[PDB]
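The structure under discussion appears below in the form of structure tokens.
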Amino acid sequence: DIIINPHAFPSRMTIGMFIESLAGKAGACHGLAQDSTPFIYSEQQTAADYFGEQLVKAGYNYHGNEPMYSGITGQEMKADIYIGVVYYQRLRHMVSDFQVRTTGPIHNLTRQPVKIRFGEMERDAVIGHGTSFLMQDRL
Amino acid sequence: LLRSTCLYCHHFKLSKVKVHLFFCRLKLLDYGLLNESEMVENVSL
Amino acid sequence: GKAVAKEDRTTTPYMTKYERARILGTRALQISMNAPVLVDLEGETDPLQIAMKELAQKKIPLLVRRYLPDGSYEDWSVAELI
Amino acid sequence: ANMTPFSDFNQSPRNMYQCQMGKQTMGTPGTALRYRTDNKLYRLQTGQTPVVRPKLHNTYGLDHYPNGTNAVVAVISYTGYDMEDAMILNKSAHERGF
Amino acid sequence: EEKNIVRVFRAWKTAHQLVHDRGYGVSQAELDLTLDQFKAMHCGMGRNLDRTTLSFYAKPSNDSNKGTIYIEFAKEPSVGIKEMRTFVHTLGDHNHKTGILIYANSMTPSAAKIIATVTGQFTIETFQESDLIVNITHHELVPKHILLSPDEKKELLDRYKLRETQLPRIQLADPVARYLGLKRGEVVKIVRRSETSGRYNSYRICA
Amino acid sequence: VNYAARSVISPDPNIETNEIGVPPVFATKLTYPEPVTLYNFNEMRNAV
Amino acid sequence: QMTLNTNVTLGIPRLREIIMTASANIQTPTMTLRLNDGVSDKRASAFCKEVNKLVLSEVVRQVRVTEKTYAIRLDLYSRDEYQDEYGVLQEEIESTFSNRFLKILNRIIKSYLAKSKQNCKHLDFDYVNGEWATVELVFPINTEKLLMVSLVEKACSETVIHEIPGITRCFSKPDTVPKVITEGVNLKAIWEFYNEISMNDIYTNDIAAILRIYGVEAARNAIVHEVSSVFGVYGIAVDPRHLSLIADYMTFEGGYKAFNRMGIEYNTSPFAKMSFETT
Amino acid sequence: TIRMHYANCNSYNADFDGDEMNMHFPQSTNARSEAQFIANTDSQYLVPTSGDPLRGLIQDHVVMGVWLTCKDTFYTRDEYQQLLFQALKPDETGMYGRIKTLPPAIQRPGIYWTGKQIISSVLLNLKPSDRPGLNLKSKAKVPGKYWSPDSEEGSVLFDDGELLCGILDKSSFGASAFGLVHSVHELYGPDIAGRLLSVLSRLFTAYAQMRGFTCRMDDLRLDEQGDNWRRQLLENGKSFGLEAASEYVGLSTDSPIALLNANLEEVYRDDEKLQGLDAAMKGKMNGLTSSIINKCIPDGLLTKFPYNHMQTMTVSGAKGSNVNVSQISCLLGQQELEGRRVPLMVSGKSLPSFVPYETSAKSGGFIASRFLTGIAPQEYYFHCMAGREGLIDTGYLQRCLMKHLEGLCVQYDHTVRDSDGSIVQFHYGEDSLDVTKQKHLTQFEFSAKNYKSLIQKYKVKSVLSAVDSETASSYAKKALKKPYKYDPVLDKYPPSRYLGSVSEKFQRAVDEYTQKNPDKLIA
Amino acid sequence: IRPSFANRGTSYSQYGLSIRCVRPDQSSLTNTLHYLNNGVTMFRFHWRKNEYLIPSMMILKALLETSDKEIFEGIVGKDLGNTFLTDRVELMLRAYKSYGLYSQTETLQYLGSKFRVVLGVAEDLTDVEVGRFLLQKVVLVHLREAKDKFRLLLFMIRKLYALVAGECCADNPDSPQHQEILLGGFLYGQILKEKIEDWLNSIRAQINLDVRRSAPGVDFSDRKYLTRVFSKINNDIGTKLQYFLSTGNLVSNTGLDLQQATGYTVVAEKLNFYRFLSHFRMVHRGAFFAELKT
Amino acid sequence: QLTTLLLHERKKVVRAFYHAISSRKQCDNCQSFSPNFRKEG
Ligand SMILES: [Zn+2]
């Protein structure tokens, strides 16, 4: 249902997410509500090995991998791929998304576009590139 | 500039030779003469 | 002011990264305002890439005046630059 | 913060971001919405209980206020659009009501 | 204890060196003075016995420039008013154009304006010991500074269409400025050894 | 400034290293003047 | 790009001081002097303690003061352990203790007495063994009690044996190139010692000092190297061309100019001047 | 939602996570001409601060690069043609008529093109009209020992435009100079480097779609010998904390507990003695940490370099570092919060779980458990301390150095003046250029290697015409006469027209190369 | 150990002892002990937004009928003649002997004649009871019995002197060891009591002005007069509390010992369940610390 | 037969001038004492 990128897990350390995907694909199969309280699973027997016993009882691969065929070519991917059941809560920060200004009102005094911002750092960039005419145009 | 005015003198409180010195300085700085601006002072009376 | 003579010119014979852009820009504007194209078109439409076709063959007017810091200036034909 | 499954496996800045970001989910703000005079509410049509959960997610009565669904996530770099932390969303898995 | 005797020795390879470095000429033996060489040259009963004889001179190697130079060590601390003006007519009568002095310590400022006017076509200049005792120019952070004649200064002002006020400046209080004997208006050419690409020549003036 | 849009970006690997994809909405909402000559007259007639 | 570290100030405060305010009195003015051939580690540490400054508090033990007369007795460490970390002699202590210590002690007592308003009667140093120091004082009885413990601690902590003005904490750090890294900046002092070479001396900028007594070009190369080293502690590279241009513009007028009201007040265009800070 | 490619993500410093971008339109034609030629994106391949390039591919493309150029790869005809055409995609770009290929690397018993041949093929299709092929030798990011003992891959060598040996990774194409893409930028001009960067992008994406790449679980788990090695090293260093503390304070390891406790109580009422104690104990713990890392991560963990899908993303340089697989697999090590270590409360116990004046390093913020297995509470608290410390750790100096340096432009007599007319430098910073056009001067081996494309890039027959060649070249040698009275050639002769005049150190270096290692230059 | 003490009272020093004492109605105010370089200790406190500084020996003698041997043998009665404590207490005793008087009645009368102005005490009744009003209302409000305020003051001054000599570590105010939480309803009760006290002071000023004019209506026996005066003044304090809740600007004549006076109320955004809970659990130290970047 | 350094010297010289003219209380030409004037904000 959702393709996530593998390059996001190193330098982020969300190994908790790998364990959670393991536990999801394990719990959904048998029908358990996989217990995931902090600080239960010790160093003797790891949580990964527990959910792996779960999965190999269910039938899937013990490391969580799963043999996938690609859709755009049809023949199998050489390397197995990691599929689990994660819990994705949709965010809401996108409520304030966009404004295109071809022409519109002008200012009372200075005849400027009424209140996008180009200047005092944009001017640095443009006279950095050596673009006199672009500065004198846009400004 | 009022503080430095001399109401009875109608000039500056300064000595007129110092005001003339600074006038010569600001004359000679006009045309771009720096060390020449500073050389005016090598006179002793 | 002085217009430095053609015998002695001290500026760089290279078409600087800036003179190329502005020459092409002003030539594109000129051609956009119904000016004469000095080179056969092959069907290109943009009133700028025609100026690129002109500059590729060095068939362009508009000598440039390079303003030295004295106040003097050189007159370089765009055929003359490298 | 306690309701983050295997919260002792992540680099603790990740648990900090997860707390401060699960406080901002488009989730069910209750059950009496017909009688609310708030300005902006957000509600999630299809929520479920997590399949991986801490027991306190049952004790604290979260079952009455779900936050998200269960996505069948495949860790894979295949589409190519999913770099710089982005991701995809299986189209029919969207048009069936994700 | 008696370390004052090496201080005044080191004030010679900062003065007998402060000649070219200017364009003058000095025998290569007064640059190679050993430690005890100075003692054997200027000795006495002491073991203090250095003063009353610390005075030398030098003539230009350009064979012109009106005229020569004379260095002297005023050992009496805080030279003041009765030790400066009396040591001017000597430079005048030897036809010595410009001279040098020392003082340790605290040259009295009252003895600084009434003598700086008597110089006129001459210039008393300028130094004190315990402040310039080892050549600063012998160093990594100070490039080789060179003076320039008005012909070579005209050449500069011509190749660059400049005015004599558009160049960089060097204040007269700059150590190397009074070291080289700069006058307000002379163009120095400095040989930057900046190692990003080669060693190049910048120019500076005084004002 | 006039003629300056502003939007959220999202990544695409198919286009180019130069190019930027703009939806047809920015196609329709950002315009620039162009004189009409003999050989781009067809483009501009068709555009109007 | 980066500001977080992983003692001298590094990061944007350093750059802010070197290139924005062009301040004298930098927070950590250090110098670095290269040793020579003719010097051994014994002479290295000897010169180190020599140019270093110590405070009479740093050799005194607990100081007891008996009340009545009015009597103060300082305990001084054994000359052996006192000469391991030091090498100031007993006679030096005697002289400077007597003179300057009595001066400081009487000065601070007069300070507190004048504050409360709203002489050194006998002195006995351990003239042979040097492990104690007695000062017997007499006061009028109408004067209120004195916190002699705190006052004597303030005196012994404020009085100095041998200080070169504005230098302290000369230290030795290891390329088989023995060097001395000193806090504070007094070139005028370091001219004097001939154990270490007077040419190859690195300076944390203090570019006021080096501009003042090594030229203008010295200031230029110093500031180039300084900003290079400030950006060198991070894995960010700024080629010497940018630094060369910024430096050689900064030391243009002949000194070294900050990029503030001083430098803003000199431009020839009256619109930028009107623009940037205060119209 | 507007779409832009990944290459620019490094330049704009964007993350595609919600930050939005102003998109202007230059109206007049002069403005769009100058935007197209001067400030267009493909010409922004070099940052101004240093020469090191900033554009270049990212995570997925570079891991798939390590996996495509690897030598155990093989393609049939179908995959070769298809992957190539996905890479090129001529019609959307244009300028080329028909796609041309190579012969196959192996021919019997089945015909198979190899991966390096696909990279060579892309380079062959993007070669300009007449420029001899690329040839180059440069170290790669994936170290040579990871492939084999005395492995050959190591360092990419490729002559006349065919990838002869070595694999491409973050150093080859990306934010790393002197690789493939930067040398294409030098030889074949910028607008070809841009096409090549795009072509590599699509080629690696299409290969991903053929094969795919994923960071599964077993990539992390230590094989039983590995984790028992880790267990043995931790049982060995069970007591390093006490050893280091007792050595610091002066006592022996067998001292009475009460005296050690009294001395410790005397120690960290102060602050400097804490600095010393934490420094010593930190040295001890970091010795232990480096030991178990060095013994475990290269060989302990389950799958070796090529197949381990996190060893690839880590040591190839896509995303992450060696400390990351260290933490996910072996141990976390000391928790250094603002320098020293965990702050001791009033009663001297690091945390209410530990007895007072506790010495064992587990109380000093050294936590042995790894993220894969799970960290315990007392350890998790110190980890929260360090992380939140970071978070509380994570614009006026652009109106100081910019108001005074407004103009500061390089006038035509080649003397960088302020715009009021006054000089600031002659020969701007020892002219050659700010980093953009000065990167490859130090690369004398590369320029002399091919040399047939650089003469056509400089257009010798048009440059040698109108510029002076003999005068400055002659006077240069005389300036290389050590005695003075011959200034630098740049000062006497301007460098724009007198084609012999060049900085002194450049002459010194080119001559020391020509005399020292001319193995390319014949006699 | 806070360095801002130093430049505060220049005879002062950084070492101080702070105590936030609270009445039975959870209406605390502070009163700190400044240890000044001279040796005595000042009893800083707050009243009507204004600092106030009376020497600690003054109120120590004013509190109980005490003789100086008791103060001494209470502060340092131990290990007879411990050097530091013994000389510091001697210096303190004499520095107070400087200007003050002997008995408790004289000290209370001086204290009243000094502080009758700022206390809202009855204008006409008496003068020594105003001293008792201070030593009841400000000095140490959590304690009721005078002798016990005296004992705790001796203990506290002993703690200060121990802290000065380095025999006591500095407790850390920025740590939950020395922190408590103020709930909602207790702050509500404090503000309600403050509004009631303002209401009483307001009808009192209205009665005083009614009497002061010449004598328009003065019948302190007639209930009609009280109906008149109640009808005169603003009798609506519901809107004051409702304003505190609507805005947050705690507008009170005395801050009730609260550093910041803005930002007391958060709007319970029910956007998501966790958001609602996280509103209910959180705490905060106040932006008076946010403005200091450390 | 303007530049920064010229302006950098002019501004300093005029600052010195205005330090000077505000110093004298007695006239040197009139020798008298002109009546002072006191200002407000
Ligand atoms: Zn007058």
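Each chain of the structure tokens is named A, B, ... in the order shown, its residues numbered from 1; ligands are numbered from 1 in display order.
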
Can you tell me, as a short mmCIF file (atom, residue, chain, number, x, y, z; two decimals) with C-alpha atoms, in the first residue's frame, what residues are no more than 8 Å from region 8-17 of chain J when counting only C-alpha atoms, ignoring any on the same chain fewer than 2 positions away?
```cif
data_model
loop_
_atom_site.label_atom_id
_atom_site.label_comp_id
_atom_site.auth_asym_id
_atom_site.auth_seq_id
_atom_site.Cartn_x
_atom_site.Cartn_y
_atom_site.Cartn_z
CA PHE B 22 41.05 74.81 8.77
CA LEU B 26 39.43 72.24 3.42
CA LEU B 29 41.51 68.71 0.33
CA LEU B 34 46.35 64.65 1.35
CA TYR G 266 33.25 56.27 4.66
CA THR J 4 37.09 57.41 -0.14
CA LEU J 5 40.49 58.50 1.21
CA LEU J 6 39.68 62.12 0.36
CA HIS J 19 35.71 69.61 18.49
CA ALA J 20 37.77 72.80 18.30
CA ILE J 21 35.15 75.51 17.80
#
```

Within 7 Å of ligand 1, counting only C-alpha atoms and all ligand atoms, residues as a JSON list (two decimals) with C-alpha atoms, in the first residue's frame:
```json
[["chain", "number", "residue", "atom", "x", "y", "z"],
["B", 6, "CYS", "CA", 30.48, 84.97, 19.60],
["B", 7, "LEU", "CA", 27.56, 87.36, 19.89],
["B", 8, "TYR", "CA", 29.71, 90.35, 20.82],
["B", 9, "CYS", "CA", 32.50, 89.06, 18.56],
["B", 10, "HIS", "CA", 30.15, 88.15, 15.65],
["B", 11, "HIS", "CA", 32.80, 85.52, 14.78],
["J", 27, "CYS", "CA", 36.70, 85.24, 22.13],
["J", 29, "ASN", "CA", 39.16, 88.45, 18.43],
["J", 30, "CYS", "CA", 36.75, 90.18, 20.84],
["J", 31, "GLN", "CA", 38.41, 88.86, 24.06],
["J", 32, "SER", "CA", 34.96, 89.12, 25.69],
["J", 33, "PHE", "CA", 32.68, 86.37, 26.96],
["J", 34, "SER", "CA", 29.60, 85.90, 24.80]]
```

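With the cut-off set to 10 Å and only C-alpha atoms counted, chain A residues close to chain F are residues 97, 98, 99, 100, 101, 102, 103, 104, 112, 113, 114, 116, 117, 118, 119, 137, 138 and 139 of chain A.
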
**OP:** Counting only C-alpha atoms, collect the residues of chain H whose closest atom lies at most 9 Å from chain A, and write them out as a ChimeraX atom specification.
**Re:** /H:18,20,22-28,30-32,34-35,38-39,59-60,209-218,307,309-310,313-314,318-321,323-325,327-328,369,371-377,398-399,402,406

Which residues come within 12 Å of region 75-78 of chain C, counting only C-alpha atoms, excluding same-chain residues fewer than 2 positions away, as a short mmCIF file (atom, residue, chain, number, x, y, z; two decimals) with N, CA and C atoms, in the first residue's frame?
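Listed below is the output, out24.cif:
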```cif
data_model
loop_
_atom_site.label_atom_id
_atom_site.label_comp_id
_atom_site.auth_asym_id
_atom_site.auth_seq_id
_atom_site.Cartn_x
_atom_site.Cartn_y
_atom_site.Cartn_z
N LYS C 2 37.92 60.18 -23.85
CA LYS C 2 38.76 59.74 -24.95
C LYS C 2 38.22 58.43 -25.50
N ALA C 3 38.33 58.28 -26.81
CA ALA C 3 37.97 57.06 -27.51
C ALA C 3 39.28 56.42 -27.96
N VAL C 4 39.72 55.40 -27.23
CA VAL C 4 41.05 54.85 -27.46
C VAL C 4 41.15 54.29 -28.87
N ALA C 5 42.26 54.61 -29.53
CA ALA C 5 42.47 54.32 -30.93
C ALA C 5 42.56 52.81 -31.18
N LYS C 6 42.40 52.44 -32.45
CA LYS C 6 42.37 51.03 -32.81
C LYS C 6 43.75 50.39 -32.76
N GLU C 7 44.81 51.18 -32.92
CA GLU C 7 46.15 50.61 -32.93
C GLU C 7 46.49 49.98 -31.59
N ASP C 8 46.21 50.68 -30.49
CA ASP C 8 46.57 50.22 -29.16
C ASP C 8 45.30 49.99 -28.35
N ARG C 9 44.97 48.72 -28.11
CA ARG C 9 43.82 48.33 -27.32
C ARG C 9 44.28 47.34 -26.27
N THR C 10 44.03 47.65 -25.00
CA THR C 10 44.59 46.87 -23.90
C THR C 10 43.61 45.86 -23.31
N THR C 11 42.36 45.84 -23.76
CA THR C 11 41.39 44.92 -23.19
C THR C 11 41.53 43.53 -23.81
N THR C 12 40.89 42.56 -23.16
CA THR C 12 41.02 41.13 -23.43
C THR C 12 40.31 40.75 -24.72
N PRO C 13 40.98 40.07 -25.64
CA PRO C 13 40.34 39.69 -26.90
C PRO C 13 39.24 38.66 -26.75
N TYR C 14 38.95 38.19 -25.55
CA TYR C 14 37.95 37.15 -25.37
C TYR C 14 36.57 37.76 -25.19
N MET C 15 35.57 37.16 -25.81
CA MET C 15 34.19 37.54 -25.57
C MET C 15 33.84 37.08 -24.17
N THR C 16 33.88 38.00 -23.21
CA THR C 16 33.69 37.61 -21.82
C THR C 16 32.34 36.93 -21.64
N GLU C 19 29.56 39.59 -22.08
CA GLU C 19 29.30 40.21 -23.37
C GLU C 19 28.55 39.26 -24.29
N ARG C 20 28.79 37.95 -24.16
CA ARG C 20 28.06 36.99 -24.97
C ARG C 20 26.58 37.00 -24.63
N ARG C 22 24.75 39.38 -23.17
CA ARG C 22 24.06 40.62 -23.50
C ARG C 22 24.01 40.86 -25.00
N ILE C 23 25.06 40.48 -25.73
CA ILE C 23 25.01 40.57 -27.18
C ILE C 23 23.88 39.71 -27.72
N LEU C 24 23.79 38.47 -27.24
CA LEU C 24 22.71 37.60 -27.70
C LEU C 24 21.35 38.15 -27.28
N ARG C 27 20.56 41.28 -29.48
CA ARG C 27 20.29 40.84 -30.84
C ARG C 27 18.95 40.13 -30.93
N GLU C 54 23.02 33.34 -35.57
CA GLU C 54 23.85 34.41 -36.11
C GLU C 54 25.23 34.41 -35.47
N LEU C 55 25.29 34.23 -34.16
CA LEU C 55 26.56 34.32 -33.45
C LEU C 55 27.45 33.12 -33.74
N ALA C 56 26.85 31.97 -34.04
CA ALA C 56 27.65 30.79 -34.37
C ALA C 56 28.48 31.02 -35.62
N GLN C 57 28.03 31.90 -36.51
CA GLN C 57 28.73 32.18 -37.75
C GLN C 57 29.41 33.54 -37.75
N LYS C 58 29.29 34.31 -36.67
CA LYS C 58 29.92 35.62 -36.57
C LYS C 58 29.44 36.54 -37.69
N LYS C 59 28.12 36.62 -37.83
CA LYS C 59 27.49 37.47 -38.83
C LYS C 59 26.58 38.49 -38.16
N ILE C 60 27.07 39.13 -37.10
CA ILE C 60 26.23 39.97 -36.27
C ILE C 60 26.79 41.39 -36.17
N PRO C 61 25.94 42.40 -36.28
CA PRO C 61 26.34 43.79 -35.98
C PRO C 61 26.54 44.02 -34.50
N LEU C 62 26.49 45.29 -34.09
CA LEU C 62 26.52 45.69 -32.68
C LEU C 62 27.87 45.59 -31.99
N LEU C 63 28.86 46.34 -32.48
CA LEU C 63 30.10 46.52 -31.72
C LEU C 63 29.79 46.96 -30.29
N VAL C 64 30.66 46.57 -29.36
CA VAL C 64 30.48 46.82 -27.94
C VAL C 64 31.50 47.85 -27.48
N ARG C 65 31.08 48.70 -26.54
CA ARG C 65 31.96 49.69 -25.94
C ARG C 65 32.35 49.24 -24.55
N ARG C 66 33.63 48.92 -24.37
CA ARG C 66 34.15 48.52 -23.07
C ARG C 66 34.65 49.75 -22.34
N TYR C 67 34.05 50.03 -21.19
CA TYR C 67 34.34 51.23 -20.41
C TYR C 67 35.41 50.92 -19.38
N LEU C 68 36.64 51.36 -19.65
CA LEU C 68 37.72 51.21 -18.69
C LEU C 68 37.49 52.12 -17.48
N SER C 72 37.69 56.18 -20.23
CA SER C 72 37.89 55.88 -21.63
C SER C 72 37.14 54.61 -22.00
N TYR C 73 37.13 54.30 -23.30
CA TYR C 73 36.39 53.15 -23.77
C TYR C 73 36.96 52.65 -25.08
N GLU C 80 35.32 41.04 -34.15
CA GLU C 80 36.72 41.17 -33.76
C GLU C 80 37.02 40.35 -32.51
N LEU C 81 36.04 40.17 -31.64
CA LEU C 81 36.25 39.40 -30.43
C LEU C 81 36.48 37.94 -30.77
N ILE C 82 37.10 37.23 -29.83
CA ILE C 82 37.37 35.82 -30.02
C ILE C 82 36.13 35.00 -29.71
#
```

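In chain H, the set of residues within 8 Å of chain F (atoms considered: only C-alpha atoms) is residues 1, 2, 3, 4, 5, 6, 7, 8, 16, 18, 19, 20, 21, 22, 23, 24, 25, 27, 28, 40, 41, 42, 194, 195, 197, 198, 201, 202 and 205 of chain H.
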
Selection to disk with N, CA and C atoms, as a CSV table (one decimal), in the first residue's frame:
```csv
chain,number,residue,atom,x,y,z
H,1,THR,N,1.5,20.2,-8.3
H,1,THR,CA,2.7,20.4,-7.6
H,1,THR,C,3.9,20.4,-8.6
H,2,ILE,N,4.6,21.5,-8.7
H,2,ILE,CA,5.7,21.6,-9.6
H,2,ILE,C,6.7,20.5,-9.3
H,3,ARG,N,7.4,20.0,-10.3
H,3,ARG,CA,8.4,18.9,-10.2
H,3,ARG,C,9.7,19.4,-10.6
H,4,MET,N,10.7,19.1,-9.8
H,4,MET,CA,12.1,19.3,-10.2
H,4,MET,C,12.9,18.1,-9.8
H,5,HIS,N,14.1,17.9,-10.4
H,5,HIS,CA,14.9,16.7,-10.3
H,5,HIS,C,15.7,16.7,-9.0
H,6,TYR,N,16.2,15.6,-8.7
H,6,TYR,CA,16.9,15.4,-7.4
H,6,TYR,C,18.2,16.2,-7.3
H,7,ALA,N,18.9,16.3,-8.5
H,7,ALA,CA,20.2,16.9,-8.5
H,7,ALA,C,20.2,18.3,-7.8
H,8,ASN,N,19.2,19.1,-8.0
H,8,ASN,CA,19.1,20.4,-7.4
H,8,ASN,C,18.8,20.4,-5.9
H,16,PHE,N,12.2,18.5,0.1
H,16,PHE,CA,11.0,18.1,-0.5
H,16,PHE,C,10.0,17.6,0.5
H,18,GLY,N,8.1,20.0,2.4
H,18,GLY,CA,7.0,21.0,2.6
H,18,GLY,C,7.5,22.4,2.4
H,19,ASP,N,8.8,22.6,2.3
H,19,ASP,CA,9.3,23.9,2.0
H,19,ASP,C,9.1,24.2,0.5
H,20,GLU,N,8.7,25.4,0.3
H,20,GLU,CA,8.1,25.8,-1.0
H,20,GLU,C,9.1,26.9,-1.6
H,21,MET,N,8.9,27.1,-2.9
H,21,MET,CA,9.9,27.8,-3.7
H,21,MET,C,9.3,28.9,-4.6
H,22,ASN,N,9.8,30.1,-4.5
H,22,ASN,CA,9.3,31.2,-5.4
H,22,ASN,C,9.8,30.8,-6.8
H,23,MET,N,8.9,31.0,-7.8
H,23,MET,CA,9.2,30.7,-9.1
H,23,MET,C,8.9,32.0,-10.0
H,24,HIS,N,9.9,32.7,-10.4
H,24,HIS,CA,9.7,33.9,-11.1
H,24,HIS,C,9.7,33.7,-12.6
H,25,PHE,N,9.4,34.7,-13.4
H,25,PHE,CA,9.5,34.7,-14.9
H,25,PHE,C,10.1,36.0,-15.4
H,27,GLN,N,10.5,38.7,-17.7
H,27,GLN,CA,9.6,39.1,-18.8
H,27,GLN,C,10.3,39.4,-20.1
H,28,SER,N,11.1,40.5,-20.1
H,28,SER,CA,11.7,41.0,-21.3
H,28,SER,C,12.7,39.9,-21.8
H,40,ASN,N,21.9,29.9,-15.9
H,40,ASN,CA,21.1,28.7,-16.0
H,40,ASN,C,21.7,27.5,-15.2
H,41,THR,N,20.9,26.6,-14.8
H,41,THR,CA,21.2,25.6,-13.8
H,41,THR,C,22.4,24.7,-14.2
H,42,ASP,N,22.5,24.3,-15.4
H,42,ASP,CA,23.6,23.4,-15.7
H,42,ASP,C,25.0,24.0,-15.6
H,194,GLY,N,25.5,18.3,-17.8
H,194,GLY,CA,24.1,18.3,-17.4
H,194,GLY,C,23.3,17.1,-18.0
H,195,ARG,N,23.5,16.9,-19.3
H,195,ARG,CA,22.9,15.8,-20.0
H,195,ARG,C,23.4,14.5,-19.4
H,197,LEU,N,24.5,13.9,-16.3
H,197,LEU,CA,24.0,13.7,-15.0
H,197,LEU,C,22.5,13.2,-15.1
H,198,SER,N,21.7,13.8,-16.0
H,198,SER,CA,20.4,13.3,-16.2
H,198,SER,C,20.4,11.9,-16.7
H,201,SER,N,21.1,9.5,-14.0
H,201,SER,CA,19.9,9.5,-13.1
H,201,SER,C,18.9,8.5,-13.6
H,202,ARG,N,18.5,8.6,-14.9
H,202,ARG,CA,17.4,7.8,-15.4
H,202,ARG,C,17.9,6.3,-15.6
H,205,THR,N,17.8,4.7,-12.2
H,205,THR,CA,16.4,4.5,-11.8
H,205,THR,C,15.8,3.3,-12.6
```

**OP:** Check the DSSP output for the backbone and give back, as a ChimeraX atom specification, the residues of region 6-65 of chain E in strand (DSSP E or B).
**Re:** /E:24,55-58,60

Store the residues of this selection in a file with C-alpha atoms, as a PDB file, in the first residue's frame.
```pdb
ATOM      1  CA  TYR E  24      72.534  53.124   1.431  1.00  0.00           C
ATOM      2  CA  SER E  55      77.538  57.155  16.814  1.00  0.00           C
ATOM      3  CA  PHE E  56      78.090  56.190  13.181  1.00  0.00           C
ATOM      4  CA  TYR E  57      76.901  57.264   9.744  1.00  0.00           C
ATOM      5  CA  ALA E  58      76.395  56.166   6.151  1.00  0.00           C
ATOM      6  CA  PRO E  60      74.046  56.629  -0.230  1.00  0.00           C
TER       7      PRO E  60
END
```

**OP:** Show which residues sit within 12 Å of residue 340 (chain H), as a list in words. Count only C-alpha atoms, and ignore same-chain residues fewer than 2 positions away.
**Re:** residues 6 of chain G; 271, 272, 273, 274, 275, 276, 277, 278, 279, 280, 281, 282, 283, 334, 335, 336, 337, 338, 342, 343, 344, 364, 365, 366 and 386 of chain H

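Relative to CA of residue 151 (chain G), CA of residue 166 (chain I) is found at 16.8 Å.
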
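Taking only C-alpha atoms, the non-local environment of residue 170 (chain H) within 9 Å (same-chain residues fewer than 5 positions away omitted) comprises residues 56, 57, 58, 59, 62, 63, 65, 66, 140, 141, 142, 175, 176, 316, 317 and 318 of chain H.
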
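Taking CA of residue 3 (chain E) as the reference point, CA of residue 51 (chain E) is found at 15.0 Å.
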
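Across G:268, G:221, G:9, G:275, the tightest approach to residue 143 (chain E) is made by G:221 when counting only C-alpha atoms.
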
**OP:** Using only C-alpha atoms, find the residues of chain E whose closest atom to chain J is at most 12 Å away, then write them as a VMD selection string.
**Re:** chain E and resid 162 to 170 205 to 207
